[PDB]
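Let's start with one chain on its own, the form deposited in one PDB entry, as structure tokens.
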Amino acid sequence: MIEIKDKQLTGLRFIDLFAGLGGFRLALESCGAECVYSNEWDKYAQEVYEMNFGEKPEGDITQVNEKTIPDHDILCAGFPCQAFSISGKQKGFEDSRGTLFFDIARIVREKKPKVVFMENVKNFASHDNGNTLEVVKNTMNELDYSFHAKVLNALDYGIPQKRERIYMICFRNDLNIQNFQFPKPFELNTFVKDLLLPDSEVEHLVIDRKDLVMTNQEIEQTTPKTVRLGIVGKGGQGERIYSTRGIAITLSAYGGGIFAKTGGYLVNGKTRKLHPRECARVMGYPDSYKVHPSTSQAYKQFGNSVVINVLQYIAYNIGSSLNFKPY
């Protein structure tokens, strides 16, 4: 994350729906706002949350009487995306995990926060010929909110990872907010190699495999793109090796493959996956963040998390628009 001294969101209160690791917290808190509620049902995520914020989230949002949710100004939600990702069986709203948005909508209908800040994957924008986004747009518009959205790739915001997400910022119609804008991109100056941990601490993750077919030669110049170097096995998800001179490929949560969830990188002659701390770093988490003890749950956790640095810029601009109340 980056330091932000101009704390635009200082007096505001927000809720962290679908908490996960708490990325949305970190993001908004660095901007001065305060978290009044958090919700997350996964047993392991709750533990990491508690270990890092001292609060244990409420359970199954589905059976939470919305009226119980504390008065808030910003509603943050990085709702589930198995149902819309280009990586699955795109069952959209027909999937048991694709209707959470409607849960957001009922919390919004009742509580009416000034801002709704949501996040999901790039394909949510194209899914079902854009009908899902349309349902989300029209549902939001019907509850008296403006709907702003754009696909932003993290590598354009200081983090060496190709995580293309769609961010939807919604403002209550009252506040005539007509000057919101998404952070302007900027040149990448940090690559995977800059975040790697010292070899000594990584040893146990090296994976020498005989089917390591090297398909491309290492690069001399750093590039803001994923340079694939090798393939292992048939080269499916998890069995592709990239150069530490490019940018990390999207980290995933249920991913498989020998280099499961993080992908595999060629670090100093050796082929290995990423340590949980390097995922934290590749996601923009501060090194002070306590990662969960179970490496498998840590990777799952960072896999469906969010790139803080990006949310920081957006939260900042969300704050600016709200604070422009001239006479």
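The term rigid core refers to the most C-alpha atoms you can superpose between the two forms while keeping them within 1.5 Å. Don't overthink the numbering: it's just position in the shown sequence, from 1.
Omitted from view is the form deposited in another entry, to which the following refers.
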C-alpha displacement of 2 Å or more between this form and the one not shown on the rigid core, among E218, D144, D199, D156: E218
Outcome for the Cα pair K261, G98 in the other form, compared with this form (closer or farther; change of 3 Å or more): farther
Sense of CA distance change between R97 and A280 in the other form, threshold 3 Å: farther
